[PDB]
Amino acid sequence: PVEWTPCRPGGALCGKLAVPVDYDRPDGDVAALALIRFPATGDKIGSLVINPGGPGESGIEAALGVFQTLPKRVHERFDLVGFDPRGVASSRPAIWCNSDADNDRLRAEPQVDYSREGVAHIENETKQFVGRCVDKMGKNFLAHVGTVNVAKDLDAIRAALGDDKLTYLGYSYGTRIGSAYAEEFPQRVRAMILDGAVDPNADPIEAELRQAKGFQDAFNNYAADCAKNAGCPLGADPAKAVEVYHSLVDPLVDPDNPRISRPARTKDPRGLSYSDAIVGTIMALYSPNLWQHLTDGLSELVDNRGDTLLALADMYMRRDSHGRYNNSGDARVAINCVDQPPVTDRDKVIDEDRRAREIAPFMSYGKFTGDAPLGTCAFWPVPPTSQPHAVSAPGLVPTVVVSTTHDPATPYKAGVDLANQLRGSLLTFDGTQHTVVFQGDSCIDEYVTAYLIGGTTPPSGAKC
């Protein structure tokens, strides 16, 4: 049973859910899932459940940003409910590998040197890092944190809500969650919308290169706008932009020792590492809302300051004013590694490097060494709980996949194939943002509410 308690931002409820760690072993140890219920304001059909994806994103978090941008009529007919998944912030037990020192220390480095020693150093630190987890977390737990178990929890959630079928909205990784449960309880699904799609069938390397081109495309599109604007810090020449970009970012690195960071002055005591110069960029590429923020931090670097770019990185890392991180960084990795088998082969990583440098030159520093470090998950001790495959969910309600044309994170073609793999209705947004639902856009939310209450899918090839 769910005892709902107040907490402090709306008309919101709070609870926790007992779920087992191993569903094979449902008698040993139990998680407690953070929960938040926003009641409906009219006649209700049920609870809509959202998830921001990540993985790592607090469903308690998103559900408040969403609350402000929630259609009048949706609010009326649904309990908006959000939740931290198993290990997420309030959700106990939470995942902890790195300390704050651990993180700041890492981000103090430029991470560009792929010489053998430079590759040697990274994975050494990858190594010491993995031990922290198991030291502080117990290897047993880390196996069962795959989305495979998350789906079973999501099912237990619906039951806890008195819904008989589920109403769901998933962002980014949330879509990989959606598909899981979809393959799992296709009958326990009332309606479903997925935004920023993730394709389980895809090869994990090709995917990352899709994301590379996806961000360079976004970069092309930012600089094309800025270069029309007055005083573009990348010049008004969008061609030469990446160059100017590099002219602004390369000196954050000593051109004679690639381990030495020469960080830009900031009021904040940290200055700006090359690593973080790049992270803030990716940040602002996620949505055009953050592009002025970009134009700022660049003009900063022009004058040698990095304060803006420094804040974007934090927003990506979710490192608060007081310097505390939330565990979303740690969480991200743990789940990735169980969710699918890592790339064990060295050659193929080194080659992915070689290619990606060409595919996304603004991100890649200086010269291709001939070497790249293996991914973090290639060290993972608990095995992938889940397998890359095409989705097989046959008797499922028509749903709405949504992908933005120039989405840099989850590329548009991801939404394409996922929809195909679901035989469902697709919704296209012309834009260079990741996600878009309930973010000020009248058109999308019409269709969404239509499919939501009304259950009405967009036409064949609807485009807003």
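Throughout, we count residues from 1 along the sequence that is shown.
- Unmodelled stretch separating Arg8 from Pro9: 4 to 9 residues (count of deposited-sequence residues without coordinates).
- When the C-alpha B-factors of 68-76 and 289-297 are averaged, 68-76 comes out higher.
- Between the stretches 132-140 and 170-178, it is 132-140 that shows the larger average CA temperature factor.
- Highest CA B-factor among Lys213, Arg107, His246, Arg324, as stated in the entry: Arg324.
- In this PDB entry, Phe219 carries a Cα temperature factor that places it within the lowest third of its chain's modelled residues.
- Annotation for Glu57: C-alpha temperature factor in the middle third relative to the rest of the modelled chain, per the entry.
- Per the deposited record, the Cα B-factor of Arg423 falls in the highest third when ranked against the other modelled residues of its chain.
- Looking at the C-alpha B-factors along this chain, the one for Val391 belongs to the middle third.
- Among the modelled residues of the chain, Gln111 sits in the lowest third by CA temperature factor in this PDB entry.
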